[PDB]
Each structure stands twice: as C-alpha cells, then as structure tokens.
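The chain below stands alone, shown as structure tokens; this is the form deposited in one PDB entry.
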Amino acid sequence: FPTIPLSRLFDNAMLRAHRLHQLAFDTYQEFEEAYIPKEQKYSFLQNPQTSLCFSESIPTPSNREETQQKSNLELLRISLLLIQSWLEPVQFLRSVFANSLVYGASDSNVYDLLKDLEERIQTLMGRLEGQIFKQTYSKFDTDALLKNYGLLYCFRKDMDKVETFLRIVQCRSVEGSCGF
C-alpha cells in the first residue's frame, strides 16, 4: 500500500523552523550588538558555567558526518526534544522580546511557533516510523544581562540545530526537494 507524499507537511514544518531560527538569530544579533562587546563574549565563552546551555544535555551530532549518519527518526527525535526544551524558558525572554525591535518577536508568537512545530514533528515521526528515545526534554535550571544573552545564545544555536536536522530528514524524505 502506497503512502501520501510528505512534501506538504515537510514544507510547513520547514517554514516554521526557519521562522523560529530567523527570530532567534536576529533577536540575538540585536541584543549582542547593544550590550555585549567581544571582550564579554569571550569570557562568556571560556566560562561554561555561564555559556554551557541546558539543552546541551541532549546528545546531538556536531559535524556533517555525524549528522548524516543518524536515521530520520533519531534526527526528528533530537529536534522534538530541542523544541520541547524551549516551551517553558521562552517565557523568560518576555522582556528581551518586548524591548526588541520585534518584527514578530514576542514570547507568545515564539511560543505558539514552538507549540506548532512540536506537533508537526510528532506527526512526521508517525509518518516515518536509545538514550534519545528514553530521554525527556531539558529543564532550565534557574546578572540579568548575562542570563538573557545566555538564553538568547542557546536559543539561536538550538534553532540552528532544529532547522538543520529537519532539512536533512527532508532531503532524504522528499523527491528532489533539495536538488535540481
């Protein structure tokens, strides 16, 4: 028995992931371009107690080989877990999103997008039917400025991860959705 093309679904999942990553990336650039001079950035980076993200407890691949070696189910699962890990903590950047030159930035818009993609990935897993499968999402254990820039810094990274992992499952699952 044949199967319904996954393209419409992938197409919608991929628009949200890029919307989310887009907000993370701009939002972060903005804040960083106002309160964080390269000096603080470096000391932020060289001090894991401030830079090591909560989400980083979820074992994800770190380079191209690693990533393209994981099945679609694992990549979808990893992405699901990253999205769930941000449902609560996004309530924290309320203010940052508030004073931001928005363009869609708000803890609510961002949150509805998360709720949206979360469900969409769960659907994608049922269509495409380990630590990762036994592991739940990462709980956020928690100056203000160094707390926000950290939230933002982690939000951008995870969103880059999600958009990446989903893009990979997509090129594999959809007839030339990446080629020609």
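Counting begins at 1, following the sequence as shown. Whichever C-alpha set is largest while still superposing within 1.5 Å between the two forms counts as the rigid core.
From this point on, the text means the form deposited in another entry, which you will not see here.
Align on the core first; then indicate which of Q122, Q29, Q68, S43 has a CA shift of 2 angstroms or more between this form and the one not shown. Result of the comparison: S43.
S106 C-alpha relocation of at least 2 Å between this form and the one not shown, rigid core basis: Yes, its C-alpha moves 2 Å or more.
Are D107 and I78 closer or farther apart at their Cα atoms in the other entry than shown, with the shift being 3 Å or more? The answer is farther, because the C-alphas of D107 and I78 separate from each other in the other entry by 3 Å or more.
Any idea whether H18 and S108 get closer or farther by CA distance in the other entry, knowing it moves 3 angstroms or more? Note: Cα gap between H18 and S108 shrinks in the other entry.
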